[PDB]
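Chain residues, written in single-letter form:
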Amino acid sequence: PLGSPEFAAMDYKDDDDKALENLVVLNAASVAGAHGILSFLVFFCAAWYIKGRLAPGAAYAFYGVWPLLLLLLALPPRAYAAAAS
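Residues numbered from 1 in each chain as written, not as in the entry; some residues may be left out. Heavy atoms only, no water.

Header annotation of the entry names solution NMR as the structure determination method.

(A) Region of interest: the overall build of the protein. If you tally the helices and strands in the protein, you get 4 helices and 0 strands. Radius of gyration (C-alpha) of the protein: 20 Å, far over the 12 Å computed for a compact globule of 85 residues. Taking the principal axes of the C-alpha coordinates as reference, the protein spans close to 75 × 25 × 15 Å. Buried residues in the protein amount to 12% of all 85 residues. At a minimum sequence separation of 6, the contacts of the protein that also span at least 24 residues come to 56%. Carbon and sulfur atoms provide 71% of the accessible area of the protein, an area that totals close to 6,800 Å². (Helix = DSSP H or I, 4+ residues; strand = E, 2+ residues; numbered from the N terminus. Rg over C-alpha atoms; globule rule 2.2 N^0.38 Å. Buried < 20%, exposed > 50% of the residue type's maximum accessible area, 1.4 Å probe, protein only. Contact = heavy atoms within 4.5 Å. Areas by Shrake-Rupley, 256 points an atom, 1.4 Å probe, with all protein chains shown as cover.)

(B) Region of the structure containing unusual backbone geometry. If you check the backbone angles, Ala-46 has positive phi at about 50 degrees while not being a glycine. Structurally, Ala-46 is set in the loop between α1 (3-45) and α2 (49-52).

(C) Expanded view of the packing of aromatic side chains. Throughout the structure, instances matching the rule amount to 1 aromatic pair. An angle of 50 degrees between the planes, with centres 5.5 Å apart, marks the rings of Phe-40 and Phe-44 as tilted. Of the two residues, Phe-40 and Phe-44 both sit in helix α1, 4 residues apart, roughly one turn of that helix. Judged by its relative accessible area of 32%, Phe-40 falls in the partly exposed class. On the accessibility criterion, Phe-44 (26% relative accessible area) is partly exposed. (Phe/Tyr/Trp six-rings, centres within 6.5 Å; stacked < 30°, edge-to-face > 60°.)

As structure tokens, then:
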């Protein structure tokens, strides 16, 4: 069956292309999330939040966790699974 090997070779190609496109996009999601944590750290944190304004905290937790989730949900199952240990 010469067709079987052809299907195997083509499958590996689609798996490589799908991966590359995922990383590039997921990275932007991760950057945006970390952008939310870094922008608020700089703007929101300051020394006024200690007085009694946790708000910045939530912004860090929301945008800092936002990217994590995005990467995992925007990442294939077998991909996020192999990343676990």
